[PDB]
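Asks: Quick one: this structure, given as structure tokens, is what I'll be asking you about.
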Amino acid sequence: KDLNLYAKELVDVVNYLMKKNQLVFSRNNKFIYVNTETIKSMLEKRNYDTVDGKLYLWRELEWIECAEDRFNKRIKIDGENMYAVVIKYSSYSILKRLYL
Amino acid sequence: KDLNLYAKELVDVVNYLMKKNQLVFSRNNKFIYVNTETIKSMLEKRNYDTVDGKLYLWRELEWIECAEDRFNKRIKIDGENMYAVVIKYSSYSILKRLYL
Amino acid sequence: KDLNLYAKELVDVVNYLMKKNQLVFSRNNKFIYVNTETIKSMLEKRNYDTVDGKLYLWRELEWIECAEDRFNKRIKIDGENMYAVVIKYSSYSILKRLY
Amino acid sequence: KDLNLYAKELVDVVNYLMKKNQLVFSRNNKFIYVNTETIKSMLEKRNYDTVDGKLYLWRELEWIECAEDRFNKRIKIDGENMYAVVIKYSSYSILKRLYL
DNA sequence: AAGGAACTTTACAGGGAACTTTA
DNA sequence: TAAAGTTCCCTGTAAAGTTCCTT
DNA sequence: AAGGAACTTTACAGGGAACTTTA
DNA sequence: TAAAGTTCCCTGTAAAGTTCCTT
């Protein structure tokens, strides 16, 4: 039920990977690319909901950009294609402001 | 500090105006048009944040459709132009569901 | 002699079981699974029509998805097969929005 | 609001055109084809809602079969194509049984 | 008719290859 | 003017969704 | 912010021709 | 089959939806 749990996690995940210089930005800096496995591992810790439950809510509330039927989208870094979990910077920025 | 207060207010504002029959809908029924002065009066009551503070978070989380650096939007009803605060019905339904 | 009695009952039944957490959703969240016995017990209360009379109208107006000669369809929850009364979320939504 | 007004109209319209022999059936007899103009003229009479308001509700509740972004669909009678308002016979049949 | 068993689809996971868009 | 961003093709998988088949 | 004016889109309306499905 | 049923091409329109631009 409690929405802060999901919002706090999104901010915490981005803050953690930002410190551990483990996050990449889109060309326009409007999006954050995170590895699907890293994010799914970090979401396993807090047992308020399942990893898929957290990603469904993030997708539905449009805090992450997904492809049809998936929790991630195709990206290109240094001419190589891969899948990444794409977090909207705009969604991270207020949620962070709210808890700052 | 509590994201639920903002989400509960959005649902409560829509529920209040729905009972008092004061809602206008978009052609596709995907959006709710509310008078700017009305929402700004209703948002004055609960003192967890300022009216502008509440509208900034609603805009940033994309629960309302606005024009760049405004909380308002231009609409058209019976050939006449006016400004309304435009609430996404999808955002209202997702949030009402998440609390009941 | 009133379609609203059937319509309002569908919304009321879904609202009741949603609060009491006795509702399960399909994978795509397009359908609501309800136990055949629970729904048949709840439909006994309001005497405007019989339980089978209410389920016939719900089926015919396609507010519920049914198998051939029944008012329930086969479902699967955690690899186990069973029969449930399957309510279209679409129907529930539109009807809820009417009132 | 009063759903009976919409249901009673659907049954009344089909009953009227059935007597005046202005009804055509699908091959499987599961659908009723009515001329778009005739039905829109008949829906003008009872002022509880607009013609477009009545057809939106009929479409939503799936009492009529429509094409994407329309209140009618393409049909074929004796090798000739035309557009008709297609009423589900199943929808007409309970709505009629309820009110007899 | 009722339900155990078995077949089909889906919603998540992935990639090669080539196209379109942007700084 | 080249790399990001996207789009069109596919594959893999476990459980949901559905149908077969027996009683 | 407010509002005149003018642009673009959408959800309704139509049809010829050709494709897919059914008796 | 051969006609029903459907889809793929297109066009037209008025008002909603949006943007431009000035105050």
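So you can find residues: chains in the structure tokens are A, B, ... in the order shown, residues in each start at 1, and ligands are numbered from 1 in order.
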Quick one: which residues from chain G are at most 10 Å off chain B, using only C-alpha atoms (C1' of nucleotides), as JSON, numbers by chain?
Replies: {"G": [1, 2, 3, 4, 10, 11]}
Asks: With N, CA and C atoms (P, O5', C5', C4', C3', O3' and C1' of nucleotides) retained, write the just-selected residues as an mmCIF file, in the first residue's frame.
Replies:
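Below you can see selection_8.cif, which holds the result:
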```
data_model
loop_
_atom_site.group_PDB
_atom_site.id
_atom_site.type_symbol
_atom_site.label_atom_id
_atom_site.label_comp_id
_atom_site.auth_asym_id
_atom_site.auth_seq_id
_atom_site.Cartn_x
_atom_site.Cartn_y
_atom_site.Cartn_z
ATOM 1 O "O5'" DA G 1 0.271 32.542 -14.897
ATOM 2 C "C5'" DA G 1 -0.050 33.432 -13.830
ATOM 3 C "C4'" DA G 1 -1.142 34.452 -14.194
ATOM 4 C "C3'" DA G 1 -2.400 33.939 -14.890
ATOM 5 O "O3'" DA G 1 -3.541 34.698 -14.456
ATOM 6 C "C1'" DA G 1 -1.258 35.446 -16.317
ATOM 7 P P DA G 2 -5.030 34.286 -14.921
ATOM 8 O "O5'" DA G 2 -5.189 35.105 -16.281
ATOM 9 C "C5'" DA G 2 -5.399 36.510 -16.263
ATOM 10 C "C4'" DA G 2 -5.643 37.017 -17.664
ATOM 11 C "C3'" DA G 2 -6.718 36.264 -18.457
ATOM 12 O "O3'" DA G 2 -7.612 37.229 -19.022
ATOM 13 C "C1'" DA G 2 -4.741 36.470 -19.735
ATOM 14 P P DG G 3 -9.069 36.841 -19.567
ATOM 15 O "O5'" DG G 3 -8.850 36.881 -21.129
ATOM 16 C "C5'" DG G 3 -8.279 38.026 -21.744
ATOM 17 C "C4'" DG G 3 -7.787 37.681 -23.128
ATOM 18 C "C3'" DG G 3 -8.699 36.751 -23.950
ATOM 19 O "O3'" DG G 3 -8.939 37.330 -25.207
ATOM 20 C "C1'" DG G 3 -6.489 36.081 -24.065
ATOM 21 P P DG G 4 -10.324 37.089 -25.976
ATOM 22 O "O5'" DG G 4 -10.001 37.693 -27.413
ATOM 23 C "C5'" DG G 4 -9.136 38.831 -27.550
ATOM 24 C "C4'" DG G 4 -8.249 38.696 -28.781
ATOM 25 C "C3'" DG G 4 -8.895 38.029 -30.012
ATOM 26 O "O3'" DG G 4 -8.556 38.755 -31.189
ATOM 27 C "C1'" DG G 4 -6.906 36.897 -29.446
ATOM 28 P P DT G 10 -3.719 12.848 -33.020
ATOM 29 O "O5'" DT G 10 -5.288 12.766 -32.784
ATOM 30 C "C5'" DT G 10 -5.908 13.575 -31.781
ATOM 31 C "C4'" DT G 10 -7.418 13.465 -31.854
ATOM 32 C "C3'" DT G 10 -7.959 12.074 -32.185
ATOM 33 O "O3'" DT G 10 -9.091 11.839 -31.386
ATOM 34 C "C1'" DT G 10 -8.807 13.648 -33.719
ATOM 35 P P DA G 11 -9.297 10.466 -30.571
ATOM 36 O "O5'" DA G 11 -10.866 10.254 -30.702
ATOM 37 C "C5'" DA G 11 -11.755 11.349 -30.516
ATOM 38 C "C4'" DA G 11 -12.890 11.279 -31.508
ATOM 39 C "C3'" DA G 11 -13.444 9.876 -31.809
ATOM 40 O "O3'" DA G 11 -14.834 9.949 -31.746
ATOM 41 C "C1'" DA G 11 -12.938 10.984 -33.819
#
```
Asks: Got a sec to tell me which of stretch 12-70 of chain D DSSP assigns to alpha helix (DSSP H), as a list in words?
Replies: residues 12, 13, 14, 15, 16, 17, 18, 19, 36, 37, 38, 39, 40, 41, 42, 51, 52, 53, 54, 55, 56, 57, 58, 59 and 60 of chain D
Asks: What would chain B look like once superposed on chain D, with the fit done by least squares over all C-alpha atoms paired in order? Give it as a short mmCIF file (atom, residue, chain, number, x, y, z; two decimals) with N, CA, C and O atoms, in the first residue's frame.
Replies:
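Ended up saving to selection.cif:
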```cif
data_model
loop_
_atom_site.label_atom_id
_atom_site.label_comp_id
_atom_site.auth_asym_id
_atom_site.auth_seq_id
_atom_site.Cartn_x
_atom_site.Cartn_y
_atom_site.Cartn_z
N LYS B 1 -27.76 9.44 -16.04
CA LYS B 1 -28.17 9.06 -14.69
C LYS B 1 -29.02 7.73 -14.59
O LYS B 1 -29.06 7.16 -13.49
N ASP B 2 -29.68 7.26 -15.69
CA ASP B 2 -30.54 6.05 -15.66
C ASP B 2 -30.22 5.11 -16.82
O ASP B 2 -30.64 5.37 -17.95
N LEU B 3 -29.49 4.01 -16.53
CA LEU B 3 -29.07 2.99 -17.49
C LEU B 3 -30.27 2.34 -18.22
O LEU B 3 -30.14 1.95 -19.39
N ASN B 4 -31.43 2.28 -17.57
CA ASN B 4 -32.63 1.66 -18.15
C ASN B 4 -33.12 2.40 -19.36
O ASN B 4 -33.66 1.78 -20.27
N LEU B 5 -32.91 3.73 -19.40
CA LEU B 5 -33.35 4.53 -20.54
C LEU B 5 -32.62 4.12 -21.81
O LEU B 5 -33.27 4.05 -22.85
N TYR B 6 -31.31 3.78 -21.71
CA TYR B 6 -30.48 3.34 -22.82
C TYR B 6 -30.85 1.94 -23.27
O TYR B 6 -30.87 1.68 -24.47
N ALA B 7 -31.11 1.03 -22.31
CA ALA B 7 -31.49 -0.36 -22.57
C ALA B 7 -32.88 -0.45 -23.18
O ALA B 7 -33.09 -1.19 -24.16
N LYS B 8 -33.85 0.32 -22.62
CA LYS B 8 -35.23 0.38 -23.12
C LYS B 8 -35.23 0.95 -24.54
O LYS B 8 -35.89 0.36 -25.38
N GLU B 9 -34.41 1.98 -24.84
CA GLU B 9 -34.30 2.54 -26.20
C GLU B 9 -33.78 1.50 -27.20
O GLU B 9 -34.37 1.37 -28.28
N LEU B 10 -32.74 0.74 -26.85
CA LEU B 10 -32.23 -0.30 -27.74
C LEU B 10 -33.32 -1.29 -28.12
O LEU B 10 -33.51 -1.59 -29.31
N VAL B 11 -34.08 -1.77 -27.11
CA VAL B 11 -35.17 -2.73 -27.34
C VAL B 11 -36.30 -2.08 -28.14
O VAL B 11 -36.73 -2.66 -29.13
N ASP B 12 -36.69 -0.84 -27.80
CA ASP B 12 -37.73 -0.10 -28.50
C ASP B 12 -37.40 0.16 -29.96
O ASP B 12 -38.27 -0.04 -30.80
N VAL B 13 -36.15 0.56 -30.28
CA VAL B 13 -35.65 0.80 -31.65
C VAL B 13 -35.76 -0.48 -32.47
O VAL B 13 -36.23 -0.42 -33.60
N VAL B 14 -35.36 -1.63 -31.91
CA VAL B 14 -35.40 -2.92 -32.61
C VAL B 14 -36.83 -3.37 -32.81
O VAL B 14 -37.17 -3.86 -33.87
N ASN B 15 -37.68 -3.16 -31.80
CA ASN B 15 -39.10 -3.51 -31.86
C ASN B 15 -39.81 -2.67 -32.92
O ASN B 15 -40.58 -3.24 -33.68
N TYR B 16 -39.51 -1.35 -33.00
CA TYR B 16 -40.08 -0.42 -33.97
C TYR B 16 -39.77 -0.81 -35.39
O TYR B 16 -40.70 -0.95 -36.19
N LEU B 17 -38.49 -1.03 -35.70
CA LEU B 17 -38.05 -1.42 -37.04
C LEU B 17 -38.49 -2.83 -37.41
O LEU B 17 -38.62 -3.12 -38.60
N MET B 18 -38.73 -3.71 -36.42
CA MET B 18 -39.18 -5.08 -36.67
C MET B 18 -40.63 -5.04 -37.18
O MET B 18 -40.93 -5.71 -38.17
N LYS B 19 -41.49 -4.22 -36.53
CA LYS B 19 -42.88 -4.01 -36.92
C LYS B 19 -42.91 -3.40 -38.33
O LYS B 19 -43.50 -4.01 -39.22
N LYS B 20 -42.20 -2.28 -38.56
CA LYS B 20 -42.11 -1.59 -39.86
C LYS B 20 -41.27 -2.37 -40.93
O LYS B 20 -40.93 -1.80 -41.98
N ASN B 21 -40.95 -3.68 -40.67
CA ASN B 21 -40.18 -4.61 -41.53
C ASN B 21 -38.84 -4.05 -42.09
O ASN B 21 -38.40 -4.51 -43.14
N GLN B 22 -38.18 -3.12 -41.36
CA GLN B 22 -36.95 -2.50 -41.84
C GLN B 22 -35.61 -3.12 -41.28
O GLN B 22 -34.57 -2.44 -41.29
N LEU B 23 -35.63 -4.43 -40.87
CA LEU B 23 -34.41 -5.11 -40.35
C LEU B 23 -33.71 -6.00 -41.36
O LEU B 23 -34.34 -6.77 -42.08
N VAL B 24 -32.39 -6.00 -41.28
CA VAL B 24 -31.52 -6.83 -42.07
C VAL B 24 -30.73 -7.60 -41.04
O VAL B 24 -30.36 -7.05 -40.00
N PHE B 25 -30.52 -8.88 -41.30
CA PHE B 25 -29.77 -9.71 -40.37
C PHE B 25 -28.45 -10.21 -40.95
O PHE B 25 -28.30 -10.28 -42.17
N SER B 26 -27.50 -10.58 -40.07
CA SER B 26 -26.22 -11.15 -40.48
C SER B 26 -26.50 -12.58 -40.97
O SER B 26 -27.63 -13.06 -40.81
N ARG B 27 -25.49 -13.24 -41.59
CA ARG B 27 -25.62 -14.61 -42.13
C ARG B 27 -26.09 -15.60 -41.03
O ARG B 27 -27.04 -16.36 -41.26
N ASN B 28 -25.47 -15.52 -39.84
CA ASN B 28 -25.75 -16.35 -38.66
C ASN B 28 -26.95 -15.90 -37.82
O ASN B 28 -27.29 -16.56 -36.83
N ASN B 29 -27.58 -14.76 -38.21
CA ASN B 29 -28.74 -14.15 -37.53
C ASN B 29 -28.41 -13.69 -36.07
O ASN B 29 -29.32 -13.43 -35.27
N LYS B 30 -27.11 -13.54 -35.76
CA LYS B 30 -26.63 -13.12 -34.44
C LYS B 30 -26.53 -11.59 -34.32
O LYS B 30 -26.34 -11.07 -33.20
N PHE B 31 -26.68 -10.87 -35.48
CA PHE B 31 -26.57 -9.41 -35.58
C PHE B 31 -27.62 -8.77 -36.42
O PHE B 31 -28.04 -9.35 -37.42
N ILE B 32 -27.97 -7.52 -36.08
CA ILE B 32 -28.98 -6.70 -36.76
C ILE B 32 -28.28 -5.51 -37.42
O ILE B 32 -27.60 -4.75 -36.74
N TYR B 33 -28.45 -5.34 -38.73
CA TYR B 33 -27.89 -4.20 -39.46
C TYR B 33 -28.98 -3.13 -39.63
O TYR B 33 -30.09 -3.41 -40.11
N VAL B 34 -28.67 -1.92 -39.18
CA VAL B 34 -29.57 -0.77 -39.25
C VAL B 34 -28.80 0.36 -39.96
O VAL B 34 -27.59 0.50 -39.76
N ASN B 35 -29.49 1.16 -40.78
CA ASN B 35 -28.88 2.29 -41.48
C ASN B 35 -28.47 3.32 -40.44
O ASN B 35 -29.21 3.59 -39.51
N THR B 36 -27.27 3.85 -40.57
CA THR B 36 -26.69 4.82 -39.63
C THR B 36 -27.56 6.06 -39.46
O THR B 36 -27.72 6.53 -38.34
N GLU B 37 -28.13 6.58 -40.56
CA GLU B 37 -28.93 7.79 -40.58
C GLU B 37 -30.26 7.58 -39.90
O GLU B 37 -30.67 8.44 -39.12
N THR B 38 -30.89 6.43 -40.13
CA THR B 38 -32.12 6.04 -39.46
C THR B 38 -31.90 6.06 -37.95
O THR B 38 -32.50 6.92 -37.31
N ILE B 39 -31.03 5.17 -37.36
CA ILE B 39 -30.83 5.17 -35.90
C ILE B 39 -30.51 6.55 -35.39
O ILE B 39 -31.05 6.95 -34.37
N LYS B 40 -29.66 7.30 -36.08
CA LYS B 40 -29.33 8.63 -35.58
C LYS B 40 -30.57 9.56 -35.53
O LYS B 40 -30.62 10.40 -34.64
N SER B 41 -31.57 9.38 -36.43
CA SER B 41 -32.83 10.14 -36.44
C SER B 41 -33.73 9.70 -35.24
O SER B 41 -34.22 10.54 -34.49
N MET B 42 -33.94 8.36 -35.07
CA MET B 42 -34.73 7.75 -33.99
C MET B 42 -34.14 8.13 -32.64
O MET B 42 -34.89 8.37 -31.70
N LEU B 43 -32.80 8.20 -32.52
CA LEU B 43 -32.15 8.51 -31.26
C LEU B 43 -32.22 10.01 -30.88
O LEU B 43 -31.90 10.35 -29.75
N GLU B 44 -32.62 10.88 -31.82
CA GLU B 44 -32.77 12.33 -31.60
C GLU B 44 -33.96 12.66 -30.71
O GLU B 44 -33.88 13.62 -29.93
N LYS B 45 -35.05 11.86 -30.82
CA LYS B 45 -36.33 12.04 -30.13
C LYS B 45 -36.23 12.13 -28.59
O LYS B 45 -36.45 13.22 -28.05
N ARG B 46 -35.88 11.02 -27.88
CA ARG B 46 -35.76 10.99 -26.42
C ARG B 46 -34.54 11.78 -25.95
O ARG B 46 -33.40 11.39 -26.21
N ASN B 47 -34.78 12.92 -25.29
CA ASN B 47 -33.75 13.86 -24.90
C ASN B 47 -33.05 13.57 -23.55
O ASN B 47 -32.44 14.48 -23.00
N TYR B 48 -32.99 12.30 -23.09
CA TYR B 48 -32.24 11.99 -21.86
C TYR B 48 -30.72 12.10 -22.03
O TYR B 48 -30.00 12.31 -21.05
N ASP B 49 -30.26 11.93 -23.29
CA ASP B 49 -28.87 12.04 -23.75
C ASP B 49 -28.85 12.33 -25.24
O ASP B 49 -29.88 12.19 -25.92
N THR B 50 -27.69 12.79 -25.75
CA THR B 50 -27.46 13.10 -27.15
C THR B 50 -27.34 11.78 -27.94
O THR B 50 -27.13 10.72 -27.35
N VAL B 51 -27.49 11.84 -29.27
CA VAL B 51 -27.37 10.64 -30.11
C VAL B 51 -25.98 10.02 -29.90
O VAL B 51 -25.90 8.82 -29.64
N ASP B 52 -24.91 10.86 -29.93
CA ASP B 52 -23.53 10.42 -29.73
C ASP B 52 -23.28 9.86 -28.32
O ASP B 52 -22.49 8.93 -28.18
N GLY B 53 -23.97 10.39 -27.33
CA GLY B 53 -23.89 9.95 -25.94
C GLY B 53 -24.45 8.57 -25.78
O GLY B 53 -23.84 7.74 -25.10
N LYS B 54 -25.59 8.30 -26.44
CA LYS B 54 -26.29 7.00 -26.45
C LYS B 54 -25.45 5.93 -27.18
O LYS B 54 -25.28 4.83 -26.66
N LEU B 55 -24.93 6.26 -28.38
CA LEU B 55 -24.08 5.36 -29.17
C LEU B 55 -22.74 5.03 -28.48
O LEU B 55 -22.25 3.92 -28.64
N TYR B 56 -22.14 5.99 -27.71
CA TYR B 56 -20.88 5.77 -26.98
C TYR B 56 -21.13 4.72 -25.89
O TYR B 56 -20.34 3.79 -25.77
N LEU B 57 -22.23 4.85 -25.11
CA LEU B 57 -22.57 3.90 -24.05
C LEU B 57 -22.90 2.53 -24.63
O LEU B 57 -22.49 1.51 -24.05
N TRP B 58 -23.62 2.50 -25.76
CA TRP B 58 -23.97 1.23 -26.41
C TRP B 58 -22.72 0.51 -26.86
O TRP B 58 -22.63 -0.70 -26.65
N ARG B 59 -21.73 1.26 -27.41
CA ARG B 59 -20.45 0.73 -27.88
C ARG B 59 -19.62 0.19 -26.73
O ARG B 59 -19.14 -0.93 -26.81
N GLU B 60 -19.46 0.98 -25.66
CA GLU B 60 -18.68 0.66 -24.48
C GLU B 60 -19.21 -0.54 -23.71
O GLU B 60 -18.43 -1.36 -23.21
N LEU B 61 -20.55 -0.66 -23.64
CA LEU B 61 -21.19 -1.81 -23.00
C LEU B 61 -21.31 -3.01 -23.98
O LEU B 61 -21.85 -4.06 -23.61
N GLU B 62 -20.77 -2.83 -25.21
CA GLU B 62 -20.69 -3.79 -26.29
C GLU B 62 -22.04 -4.32 -26.76
O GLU B 62 -22.16 -5.48 -27.12
N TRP B 63 -23.05 -3.45 -26.81
CA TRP B 63 -24.39 -3.81 -27.29
C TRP B 63 -24.43 -3.65 -28.80
O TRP B 63 -25.32 -4.20 -29.45
N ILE B 64 -23.44 -2.90 -29.36
CA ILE B 64 -23.27 -2.67 -30.79
C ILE B 64 -21.81 -2.95 -31.17
O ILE B 64 -20.91 -2.65 -30.38
N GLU B 65 -21.57 -3.51 -32.37
CA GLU B 65 -20.22 -3.76 -32.91
C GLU B 65 -19.80 -2.60 -33.80
O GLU B 65 -20.51 -2.28 -34.73
N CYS B 66 -18.69 -1.94 -33.48
CA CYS B 66 -18.19 -0.76 -34.20
C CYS B 66 -16.75 -0.94 -34.62
O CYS B 66 -16.06 -1.81 -34.09
N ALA B 67 -16.24 -0.02 -35.46
CA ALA B 67 -14.83 0.09 -35.83
C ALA B 67 -14.20 1.08 -34.80
O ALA B 67 -14.93 1.94 -34.27
N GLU B 68 -12.86 0.95 -34.47
CA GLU B 68 -12.22 1.79 -33.46
C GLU B 68 -12.46 3.28 -33.73
O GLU B 68 -12.22 3.74 -34.86
N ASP B 69 -13.03 4.00 -32.74
CA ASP B 69 -13.38 5.44 -32.78
C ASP B 69 -14.41 5.81 -33.92
O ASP B 69 -14.20 6.76 -34.69
N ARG B 70 -15.53 5.03 -33.97
CA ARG B 70 -16.69 5.14 -34.88
C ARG B 70 -17.87 4.41 -34.24
O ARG B 70 -17.65 3.68 -33.27
N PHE B 71 -19.12 4.66 -34.69
CA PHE B 71 -20.35 4.00 -34.15
C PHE B 71 -20.99 3.08 -35.20
O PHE B 71 -21.94 2.35 -34.93
N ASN B 72 -20.38 3.10 -36.38
CA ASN B 72 -20.57 2.49 -37.68
C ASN B 72 -19.66 1.26 -37.83
O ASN B 72 -18.63 1.14 -37.15
N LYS B 73 -19.93 0.44 -38.85
CA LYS B 73 -19.17 -0.76 -39.15
C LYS B 73 -19.34 -1.08 -40.63
O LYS B 73 -20.45 -0.93 -41.14
N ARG B 74 -18.31 -1.59 -41.30
CA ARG B 74 -18.45 -2.02 -42.69
C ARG B 74 -19.08 -3.40 -42.76
O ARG B 74 -18.64 -4.34 -42.09
N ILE B 75 -20.11 -3.52 -43.61
CA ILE B 75 -20.82 -4.77 -43.86
C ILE B 75 -20.80 -5.10 -45.38
O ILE B 75 -20.39 -4.25 -46.19
N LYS B 76 -21.23 -6.34 -45.74
CA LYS B 76 -21.37 -6.78 -47.14
C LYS B 76 -22.73 -7.47 -47.36
O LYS B 76 -23.12 -8.40 -46.61
N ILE B 77 -23.50 -6.96 -48.34
CA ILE B 77 -24.81 -7.52 -48.73
C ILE B 77 -24.80 -7.62 -50.26
O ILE B 77 -24.57 -6.60 -50.93
N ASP B 78 -25.04 -8.84 -50.81
CA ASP B 78 -25.05 -9.14 -52.25
C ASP B 78 -23.83 -8.55 -52.98
O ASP B 78 -23.97 -7.77 -53.95
N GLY B 79 -22.65 -8.87 -52.45
CA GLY B 79 -21.36 -8.45 -52.98
C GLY B 79 -21.01 -6.98 -52.87
O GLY B 79 -19.89 -6.60 -53.21
N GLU B 80 -21.94 -6.14 -52.38
CA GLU B 80 -21.68 -4.70 -52.23
C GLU B 80 -21.36 -4.33 -50.81
O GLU B 80 -21.92 -4.92 -49.87
N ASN B 81 -20.46 -3.37 -50.64
CA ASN B 81 -20.00 -2.85 -49.35
C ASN B 81 -20.73 -1.58 -48.96
O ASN B 81 -20.90 -0.68 -49.79
N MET B 82 -21.09 -1.48 -47.66
CA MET B 82 -21.76 -0.33 -47.06
C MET B 82 -21.47 -0.28 -45.57
O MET B 82 -20.81 -1.19 -45.06
N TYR B 83 -21.92 0.80 -44.87
CA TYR B 83 -21.77 0.94 -43.43
C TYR B 83 -23.13 0.80 -42.76
O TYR B 83 -24.14 1.35 -43.22
N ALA B 84 -23.15 0.06 -41.67
CA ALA B 84 -24.36 -0.10 -40.89
C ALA B 84 -24.04 -0.03 -39.40
O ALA B 84 -22.89 -0.19 -39.03
N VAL B 85 -25.04 0.28 -38.56
CA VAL B 85 -24.96 0.23 -37.11
C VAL B 85 -25.37 -1.22 -36.82
O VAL B 85 -26.47 -1.62 -37.20
N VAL B 86 -24.46 -2.01 -36.25
CA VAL B 86 -24.63 -3.44 -36.02
C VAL B 86 -24.97 -3.74 -34.57
O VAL B 86 -24.10 -3.60 -33.71
N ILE B 87 -26.23 -4.11 -34.29
CA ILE B 87 -26.74 -4.43 -32.95
C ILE B 87 -26.60 -5.94 -32.70
O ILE B 87 -27.02 -6.73 -33.55
N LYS B 88 -26.00 -6.34 -31.55
CA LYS B 88 -25.89 -7.76 -31.19
C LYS B 88 -27.30 -8.24 -30.85
O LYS B 88 -27.97 -7.63 -30.00
N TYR B 89 -27.77 -9.34 -31.49
CA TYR B 89 -29.10 -9.88 -31.18
C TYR B 89 -29.14 -10.37 -29.72
O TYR B 89 -30.13 -10.11 -29.04
N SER B 90 -28.04 -11.00 -29.22
CA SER B 90 -27.88 -11.48 -27.84
C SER B 90 -28.12 -10.36 -26.85
O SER B 90 -28.85 -10.58 -25.89
N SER B 91 -27.59 -9.14 -27.11
CA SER B 91 -27.79 -7.97 -26.25
C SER B 91 -29.24 -7.53 -26.23
O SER B 91 -29.79 -7.30 -25.15
N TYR B 92 -29.89 -7.51 -27.41
CA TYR B 92 -31.32 -7.18 -27.56
C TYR B 92 -32.20 -8.18 -26.78
O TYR B 92 -33.05 -7.75 -26.00
N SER B 93 -31.98 -9.50 -26.99
CA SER B 93 -32.77 -10.54 -26.32
C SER B 93 -32.60 -10.52 -24.80
O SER B 93 -33.61 -10.52 -24.09
N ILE B 94 -31.34 -10.41 -24.29
CA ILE B 94 -31.01 -10.32 -22.85
C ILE B 94 -31.76 -9.14 -22.20
O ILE B 94 -32.41 -9.31 -21.17
N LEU B 95 -31.71 -7.97 -22.85
CA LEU B 95 -32.38 -6.77 -22.36
C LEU B 95 -33.91 -6.79 -22.46
O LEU B 95 -34.57 -6.32 -21.54
N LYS B 96 -34.47 -7.33 -23.56
CA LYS B 96 -35.92 -7.46 -23.73
C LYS B 96 -36.47 -8.36 -22.61
O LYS B 96 -37.46 -7.97 -21.97
N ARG B 97 -35.78 -9.51 -22.33
CA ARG B 97 -36.06 -10.49 -21.26
C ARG B 97 -36.05 -9.82 -19.89
O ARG B 97 -36.98 -10.06 -19.12
N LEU B 98 -35.00 -8.98 -19.59
CA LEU B 98 -34.81 -8.24 -18.32
C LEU B 98 -35.89 -7.19 -18.01
O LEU B 98 -35.97 -6.75 -16.86
N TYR B 99 -36.72 -6.80 -19.00
CA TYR B 99 -37.83 -5.86 -18.79
C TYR B 99 -39.24 -6.52 -18.99
O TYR B 99 -40.26 -5.84 -18.78
N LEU B 100 -39.29 -7.83 -19.37
CA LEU B 100 -40.52 -8.64 -19.60
C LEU B 100 -40.24 -10.15 -19.55
O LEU B 100 -40.08 -10.74 -18.48
#
```
Asks: Determine, counting only C-alpha atoms (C1' of nucleotides), which protein, DNA and RNA residues have an atom within 12 Å of an atom of residue E:6; residues of the same chain fewer than 6 positions away are not included. Present the result as number ranges by chain.
Replies: F: 18-21
Asks: Please check the contacts: residues of chain H at most 9 Å away from chain B, using only C-alpha atoms (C1' of nucleotides), listed as a VMD selection string.
Replies: chain H and resid 15 to 18
Asks: Include N, CA and C atoms (P, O5', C5', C4', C3', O3' and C1' of nucleotides) and write out the residues we just selected as a PDB file, in the first residue's frame.
Replies:
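Output below, filename out34.pdb:
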```
ATOM      1  P    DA H  15     -18.610  22.956 -35.138  1.00  0.00           P
ATOM      2  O5'  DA H  15     -17.898  22.459 -33.795  1.00  0.00           O
ATOM      3  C5'  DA H  15     -17.994  21.071 -33.394  1.00  0.00           C
ATOM      4  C4'  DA H  15     -16.764  20.666 -32.608  1.00  0.00           C
ATOM      5  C3'  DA H  15     -16.241  21.733 -31.619  1.00  0.00           C
ATOM      6  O3'  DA H  15     -15.918  21.089 -30.381  1.00  0.00           O
ATOM      7  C1'  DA H  15     -14.503  21.044 -33.051  1.00  0.00           C
ATOM      8  P    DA H  16     -15.494  21.882 -29.041  1.00  0.00           P
ATOM      9  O5'  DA H  16     -14.318  20.959 -28.548  1.00  0.00           O
ATOM     10  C5'  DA H  16     -14.470  19.520 -28.587  1.00  0.00           C
ATOM     11  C4'  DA H  16     -13.112  18.863 -28.761  1.00  0.00           C
ATOM     12  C3'  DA H  16     -12.089  19.196 -27.668  1.00  0.00           C
ATOM     13  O3'  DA H  16     -11.400  18.009 -27.295  1.00  0.00           O
ATOM     14  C1'  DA H  16     -11.207  19.804 -29.785  1.00  0.00           C
ATOM     15  P    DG H  17     -10.477  17.957 -25.984  1.00  0.00           P
ATOM     16  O5'  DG H  17      -9.069  18.446 -26.568  1.00  0.00           O
ATOM     17  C5'  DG H  17      -8.362  17.621 -27.481  1.00  0.00           C
ATOM     18  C4'  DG H  17      -7.099  18.295 -27.976  1.00  0.00           C
ATOM     19  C3'  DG H  17      -6.232  18.964 -26.917  1.00  0.00           C
ATOM     20  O3'  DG H  17      -4.955  18.382 -26.961  1.00  0.00           O
ATOM     21  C1'  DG H  17      -6.500  20.355 -28.823  1.00  0.00           C
ATOM     22  P    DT H  18      -3.746  18.924 -26.064  1.00  0.00           P
ATOM     23  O5'  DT H  18      -3.066  20.030 -26.989  1.00  0.00           O
ATOM     24  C5'  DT H  18      -2.494  19.675 -28.206  1.00  0.00           C
ATOM     25  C4'  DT H  18      -1.955  20.895 -28.891  1.00  0.00           C
ATOM     26  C3'  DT H  18      -0.934  21.690 -28.083  1.00  0.00           C
ATOM     27  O3'  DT H  18       0.339  21.528 -28.687  1.00  0.00           O
ATOM     28  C1'  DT H  18      -2.482  23.091 -29.256  1.00  0.00           C
TER      29       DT H  18
END
```
